[PDB]
Amino acid sequence: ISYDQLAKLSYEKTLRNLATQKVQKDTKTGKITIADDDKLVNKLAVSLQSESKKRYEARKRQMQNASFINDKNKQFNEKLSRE
Amino acid sequence: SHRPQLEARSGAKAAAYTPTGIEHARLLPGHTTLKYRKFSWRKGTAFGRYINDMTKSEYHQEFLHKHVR
Amino acid sequence: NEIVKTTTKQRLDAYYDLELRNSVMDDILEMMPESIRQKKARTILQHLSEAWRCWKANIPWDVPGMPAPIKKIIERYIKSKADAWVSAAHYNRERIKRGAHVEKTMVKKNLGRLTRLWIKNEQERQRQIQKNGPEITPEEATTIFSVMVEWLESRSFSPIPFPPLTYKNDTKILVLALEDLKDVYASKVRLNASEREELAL
RNA sequence: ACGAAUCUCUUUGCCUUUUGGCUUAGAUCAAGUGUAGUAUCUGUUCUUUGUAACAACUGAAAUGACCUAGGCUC
RNA sequence: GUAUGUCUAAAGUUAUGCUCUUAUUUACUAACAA
């Protein structure tokens with residue numbers, strides 16, 4: 001799977017996470033003030049943190065699963081064994 | 001510990017660096033002017049009557065033969 | 001603070017090799033379609049290094065998991081490097097013969113290189129011998145045998161027996177060999193482990 | 001049963017702390033003690049593994065606001 | 001014994017299963033003695 005597909009497929013996913021539940025320009029300054037809902041941005045912030053948190057804890061679990069000497073080697077032998 | 005070269009010392013920094021104003025040896029003016037173009041006994045024996053590999057060159061084997069004993 | 005050092009005899013090799021690995025790395029990145037990370041190039045270059053060493057040994061460098069194109073490319077680049085090495089060695093040995101200014105260290109290096117080269121040549125010859133039979137034609141061998149047989153026949157040459165417990169000379173014979181061996185060790189007072197063992201024996 | 005959300009696991013995908021040069025493998029593999037320290041040994045012995053209920057009170061002290069040292073209130 | 005590298009070298013910046021006792025090893029270290 002390429003990063004082309006994995007992007008669109010992850011795009012499709014977070015659209016399902018959405019599916020759960022004005023422009024004003026001063027052309028002299030060039031400042032395009034898009035006044036939008038402050039509640040929705042907060043809902044993005046919390047959701048995005050939660051998504052990253054979910055992933056963060058996902059590694060933590062997978063790190064705590066278990067012919068080596070030190071932390072790295074064990075994993076390096078695991079990088080060899082997967083092949 | 002001690003590590004291979006990957007991202008070279010890019011002369012961006014050396015450009016933004018200040019001049020030194022030292023006089024090196026070779027930057028002394030050499031060849032100031034440029035050139036331009038016009039414009040019986042022998043019976044009694046037992047037996048009477050290129051490659052592109054540097055490790056398999058005739059020169060190479062011969063050389064080795066010479067320089068081993 | 002734009003020091004940049006030139007190449008010289010002293011740092012020529014290091015610079016060479018860094019240039020080489022940069023080239024190889026570049027080529028592999030060009031080849032590689034995923035646009036892999038620098039850390040994945042570390043595996044590549046390390047792989048290359050191992051390959052070089054293998055070549056030096058004359059042990060074939062046949063890592064299974066590679067893609068063929070990479071194996072090709074690395075084979076090429078080590079051949080280039082190898083070519084550079086061998087020719088350099090040859091140049092050095094002529095230089096040494098001439099009796100030119102040459103680094104004690106450099107001469108030792110050249111000796112090493114030429115030895116490895118010699119071994120590689122030699123075992124390649126062994127391989128050759130194996131791969132297409134002995135140089136001797138069996139007829140020739142037969143002829144030789146006939147000759148030697150004829151000779152000893154003419155001599156009434158009784159062969160040497162396997163030595164039993166019979167000899168009055170046995171001890172004397174032993175004493176010679178030991179003496180010969182001792183001759184190595186009487187001069188050099190500081191001795192290796194092998195040497196020590198031999199002495200003990 | 002279909003739709004969705006939450007949780008856990010399994011299969012794959014991702015390698016997510018997952019080898020970062022070169023030379024003659026860069027070169028050569030020893031004959032020590034006592035004194036001290038440090039750690040590590042092993043043995044060695046023994047040791048041991050106030051609270052509740054009942055009877056009673058709900059609160060003190062300071063100086064100042066009222067009246068003529070005393071008397072109640074805050 | 002050194003390269004080398006840290007350290008010090010004084011003036012007050014205005015806020016409310018264990019403990020124990022020992023004896024022995026081995027290792028490493030030691031410009032300390034032999």
# chains A, B, ... in the order shown; residues from 1 in each chain; ligands from 1
$ select_by_dssp --residues "range 56-99 of chain C" --states "helix (DSSP H, G or I)" --output "PyMOL selection string"
chain C and resi 56-57+68-98
$ closest_atom_pairs --of "chain C" --to "chain A" --cutoff "12 Å" --atoms "only C-alpha atoms" --output "JSON lines"
{"residue": "C:33", "atom": "CA", "partner": "A:2", "partner_atom": "CA", "distance": 10.9}
{"residue": "C:34", "atom": "CA", "partner": "A:2", "partner_atom": "CA", "distance": 8.5}
{"residue": "C:35", "atom": "CA", "partner": "A:3", "partner_atom": "CA", "distance": 11.0}
{"residue": "C:64", "atom": "CA", "partner": "A:83", "partner_atom": "CA", "distance": 11.1}
{"residue": "C:65", "atom": "CA", "partner": "A:83", "partner_atom": "CA", "distance": 8.5}
{"residue": "C:66", "atom": "CA", "partner": "A:83", "partner_atom": "CA", "distance": 11.6}
$ closest_atom_pairs --of "chain C" --to "chain B" --cutoff "8 Å" --atoms "only C-alpha atoms" --output "Markdown table"
| residue | atom | partner | partner_atom | distance |
| --- | --- | --- | --- | --- |
| C:1 | CA | B:14 | CA | 7.6 |
| C:2 | CA | B:14 | CA | 5.8 |
| C:18 | CA | B:5 | CA | 6.6 |
| C:22 | CA | B:6 | CA | 7.2 |
| C:83 | CA | B:54 | CA | 6.2 |
| C:86 | CA | B:54 | CA | 7.2 |
| C:117 | CA | B:55 | CA | 8.0 |
| C:118 | CA | B:64 | CA | 6.6 |
| C:121 | CA | B:55 | CA | 6.7 |
| C:143 | CA | B:46 | CA | 6.8 |
| C:144 | CA | B:46 | CA | 7.6 |
| C:147 | CA | B:46 | CA | 6.9 |
$ closest_atom_pairs --of "chain A" --to "chain D" --cutoff "7 Å" --atoms "only C-alpha atoms (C1' of nucleotides)" --output "CSV"
residue,atom,partner,partner_atom,distance
A:72,CA,D:17,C1',6.4
A:75,CA,D:18,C1',5.5
A:76,CA,D:18,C1',4.7
A:79,CA,D:18,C1',6.0
$ write_last_selection --atoms "C-alpha atoms" --output "PDB file, in the first residue's frame"
ATOM      1  CA  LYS A  72      17.588  -2.278  20.990  1.00  0.00           C
ATOM      2  CA  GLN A  75      14.056  -5.222  18.545  1.00  0.00           C
ATOM      3  CA  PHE A  76      16.814  -5.467  15.951  1.00  0.00           C
ATOM      4  CA  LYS A  79      13.473  -6.581  12.575  1.00  0.00           C
TER       5      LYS A  79
END
$ residues_around --residues "residue 29 in chain E" --least-positions-apart "5" --cutoff "12 Å" --atoms "only C-alpha atoms (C1' of nucleotides)" --output "JSON, numbers by chain"
{"D": [36, 37, 38, 39]}
$ residues_around --residues "residue 33 in chain A" --least-positions-apart "3" --cutoff "8 Å" --atoms "only C-alpha atoms (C1' of nucleotides)" --output "JSON list (two decimals) with C-alpha atoms, in the first residue's frame"
[["chain", "number", "residue", "atom", "x", "y", "z"],
["A", 23, "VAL", "CA", -15.49, 35.27, 4.53],
["A", 24, "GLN", "CA", -14.43, 38.93, 5.00],
["A", 25, "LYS", "CA", -11.45, 40.32, 3.06]]
$ closest_atom_pairs --of "chain D" --to "chain B" --cutoff "10 Å" --atoms "only C-alpha atoms (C1' of nucleotides)" --output "tab-separated table"
residue	atom	partner	partner_atom	distance
D:20	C1'	B:3	CA	5.3
D:21	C1'	B:4	CA	3.7
D:22	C1'	B:4	CA	9.1
$ residues_around --residues "residue 25 in chain E" --least-positions-apart "3" --cutoff "12 Å" --atoms "only C-alpha atoms (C1' of nucleotides)" --output "PyMOL selection string"
chain D and resi 40-43
$ residues_around --residues "residue 26 in chain C" --least-positions-apart "4" --cutoff "12 Å" --atoms "only C-alpha atoms (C1' of nucleotides)" --output "list in words"
residues 6 and 7 of chain B; 19, 20, 21, 22, 30, 31, 32, 35, 36, 38, 41, 44, 45 and 73 of chain C
$ write_last_selection --atoms "N, CA, C and O atoms" --output "PDB file, in the first residue's frame"
ATOM      1  N   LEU B   6      27.361  12.015   5.384  1.00  0.00           N
ATOM      2  CA  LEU B   6      26.051  11.985   4.706  1.00  0.00           C
ATOM      3  C   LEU B   6      25.627  13.323   4.066  1.00  0.00           C
ATOM      4  O   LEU B   6      25.346  13.368   2.865  1.00  0.00           O
ATOM      5  N   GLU B   7      25.606  14.397   4.850  1.00  0.00           N
ATOM      6  CA  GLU B   7      25.157  15.707   4.394  1.00  0.00           C
ATOM      7  C   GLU B   7      26.385  16.604   4.446  1.00  0.00           C
ATOM      8  O   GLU B   7      26.775  17.048   5.526  1.00  0.00           O
TER       9      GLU B   7
ATOM     10  N   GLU C  19      33.763   9.524  -0.935  1.00  0.00           N
ATOM     11  CA  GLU C  19      33.202   9.888  -2.237  1.00  0.00           C
ATOM     12  C   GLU C  19      32.472   8.721  -2.863  1.00  0.00           C
ATOM     13  O   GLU C  19      31.355   8.880  -3.386  1.00  0.00           O
ATOM     14  N   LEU C  20      33.093   7.553  -2.767  1.00  0.00           N
ATOM     15  CA  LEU C  20      32.542   6.303  -3.295  1.00  0.00           C
ATOM     16  C   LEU C  20      31.199   6.019  -2.667  1.00  0.00           C
ATOM     17  O   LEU C  20      30.245   5.812  -3.389  1.00  0.00           O
ATOM     18  N   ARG C  21      31.175   5.945  -1.337  1.00  0.00           N
ATOM     19  CA  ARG C  21      29.920   5.616  -0.643  1.00  0.00           C
ATOM     20  C   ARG C  21      28.865   6.674  -0.920  1.00  0.00           C
ATOM     21  O   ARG C  21      27.714   6.294  -1.061  1.00  0.00           O
ATOM     22  N   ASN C  22      29.257   7.931  -1.098  1.00  0.00           N
ATOM     23  CA  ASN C  22      28.274   8.946  -1.469  1.00  0.00           C
ATOM     24  C   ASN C  22      27.682   8.639  -2.845  1.00  0.00           C
ATOM     25  O   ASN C  22      26.491   8.779  -3.029  1.00  0.00           O
ATOM     26  N   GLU C  30      18.417   6.820  -6.299  1.00  0.00           N
ATOM     27  CA  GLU C  30      17.858   7.022  -7.639  1.00  0.00           C
ATOM     28  C   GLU C  30      17.037   5.807  -8.056  1.00  0.00           C
ATOM     29  O   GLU C  30      15.906   5.933  -8.554  1.00  0.00           O
ATOM     30  N   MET C  31      17.630   4.642  -7.826  1.00  0.00           N
ATOM     31  CA  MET C  31      17.004   3.353  -8.143  1.00  0.00           C
ATOM     32  C   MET C  31      15.723   3.142  -7.325  1.00  0.00           C
ATOM     33  O   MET C  31      14.646   2.849  -7.877  1.00  0.00           O
ATOM     34  N   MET C  32      15.860   3.289  -6.010  1.00  0.00           N
ATOM     35  CA  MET C  32      14.800   2.969  -5.046  1.00  0.00           C
ATOM     36  C   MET C  32      13.528   3.806  -5.273  1.00  0.00           C
ATOM     37  O   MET C  32      13.573   5.030  -5.151  1.00  0.00           O
ATOM     38  N   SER C  35      11.308   6.215  -2.232  1.00  0.00           N
ATOM     39  CA  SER C  35      11.903   7.436  -1.655  1.00  0.00           C
ATOM     40  C   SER C  35      12.186   7.255  -0.156  1.00  0.00           C
ATOM     41  O   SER C  35      11.765   8.060   0.683  1.00  0.00           O
ATOM     42  N   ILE C  36      12.904   6.177   0.154  1.00  0.00           N
ATOM     43  CA  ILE C  36      13.240   5.801   1.538  1.00  0.00           C
ATOM     44  C   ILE C  36      14.092   6.828   2.294  1.00  0.00           C
ATOM     45  O   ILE C  36      14.715   7.709   1.695  1.00  0.00           O
ATOM     46  N   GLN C  38      17.046   8.362   5.029  1.00  0.00           N
ATOM     47  CA  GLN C  38      18.491   8.247   5.240  1.00  0.00           C
ATOM     48  C   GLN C  38      18.869   7.045   6.115  1.00  0.00           C
ATOM     49  O   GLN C  38      19.836   6.351   5.812  1.00  0.00           O
ATOM     50  N   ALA C  41      19.156   4.182   4.120  1.00  0.00           N
ATOM     51  CA  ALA C  41      20.435   4.229   3.383  1.00  0.00           C
ATOM     52  C   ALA C  41      21.615   3.721   4.196  1.00  0.00           C
ATOM     53  O   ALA C  41      22.579   3.196   3.625  1.00  0.00           O
ATOM     54  N   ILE C  44      21.871   0.213   3.545  1.00  0.00           N
ATOM     55  CA  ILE C  44      22.439   0.082   2.206  1.00  0.00           C
ATOM     56  C   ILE C  44      23.977   0.196   2.273  1.00  0.00           C
ATOM     57  O   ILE C  44      24.709  -0.675   1.728  1.00  0.00           O
ATOM     58  N   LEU C  45      24.470   1.306   2.801  1.00  0.00           N
ATOM     59  CA  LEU C  45      25.903   1.541   2.747  1.00  0.00           C
ATOM     60  C   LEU C  45      26.670   0.539   3.577  1.00  0.00           C
ATOM     61  O   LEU C  45      27.709   0.050   3.138  1.00  0.00           O
ATOM     62  N   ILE C  73      24.530  -3.354  -8.705  1.00  0.00           N
ATOM     63  CA  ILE C  73      25.116  -2.034  -8.560  1.00  0.00           C
ATOM     64  C   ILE C  73      26.331  -2.111  -7.604  1.00  0.00           C
ATOM     65  O   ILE C  73      27.419  -1.579  -7.871  1.00  0.00           O
TER      66      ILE C  73
END
$ select_by_dssp --residues "chain A" --states "strand (DSSP E)" --output "list in words"
residues 24, 25, 26, 31, 32 and 33 of chain A
$ residues_around --residues "residue 49 in chain C" --least-positions-apart "2" --cutoff "12 Å" --atoms "only C-alpha atoms (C1' of nucleotides)" --output "PDB file with C-alpha atoms (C1' of nucleotides), in the first residue's frame"
ATOM      1  CA  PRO B   4      30.087   8.186   8.037  1.00  0.00           C
TER       2      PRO B   4
ATOM      3  CA  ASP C  17      36.044   6.034   0.141  1.00  0.00           C
ATOM      4  CA  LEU C  18      33.653   8.726   1.354  1.00  0.00           C
ATOM      5  CA  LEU C  20      32.542   6.303  -3.295  1.00  0.00           C
ATOM      6  CA  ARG C  21      29.920   5.616  -0.643  1.00  0.00           C
ATOM      7  CA  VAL C  24      26.769   4.460  -4.362  1.00  0.00           C
ATOM      8  CA  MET C  25      24.202   5.871  -1.941  1.00  0.00           C
ATOM      9  CA  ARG C  42      22.539   3.303   6.413  1.00  0.00           C
ATOM     10  CA  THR C  43      21.481  -0.312   5.865  1.00  0.00           C
ATOM     11  CA  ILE C  44      22.439   0.082   2.206  1.00  0.00           C
ATOM     12  CA  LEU C  45      25.903   1.541   2.747  1.00  0.00           C
ATOM     13  CA  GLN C  46      26.679  -0.831   5.620  1.00  0.00           C
ATOM     14  CA  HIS C  47      25.673  -3.634   3.248  1.00  0.00           C
ATOM     15  CA  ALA C  51      30.348  -6.633   0.441  1.00  0.00           C
ATOM     16  CA  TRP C  52      33.717  -4.932   0.035  1.00  0.00           C
ATOM     17  CA  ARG C  53      35.161  -6.944   2.907  1.00  0.00           C
ATOM     18  CA  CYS C  54      33.757 -10.153   1.438  1.00  0.00           C
ATOM     19  CA  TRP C  55      35.441  -9.332  -1.872  1.00  0.00           C
ATOM     20  CA  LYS C  56      38.690  -8.735   0.007  1.00  0.00           C
ATOM     21  CA  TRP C  61      28.885 -11.876  -1.225  1.00  0.00           C
ATOM     22  CA  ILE C  74      27.163  -2.907  -5.488  1.00  0.00           C
ATOM     23  CA  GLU C  75      29.041  -5.576  -7.440  1.00  0.00           C
ATOM     24  CA  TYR C  77      31.041  -0.347  -7.458  1.00  0.00           C
ATOM     25  CA  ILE C  78      33.236  -2.807  -5.569  1.00  0.00           C
ATOM     26  CA  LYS C  81      37.047   0.112  -6.021  1.00  0.00           C
TER      27      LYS C  81
ATOM     28  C1'   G D  21      32.722   5.675   7.717  1.00  0.00           C
ATOM     29  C1'   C D  22      37.949   4.064   5.895  1.00  0.00           C
TER      30        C D  22
END
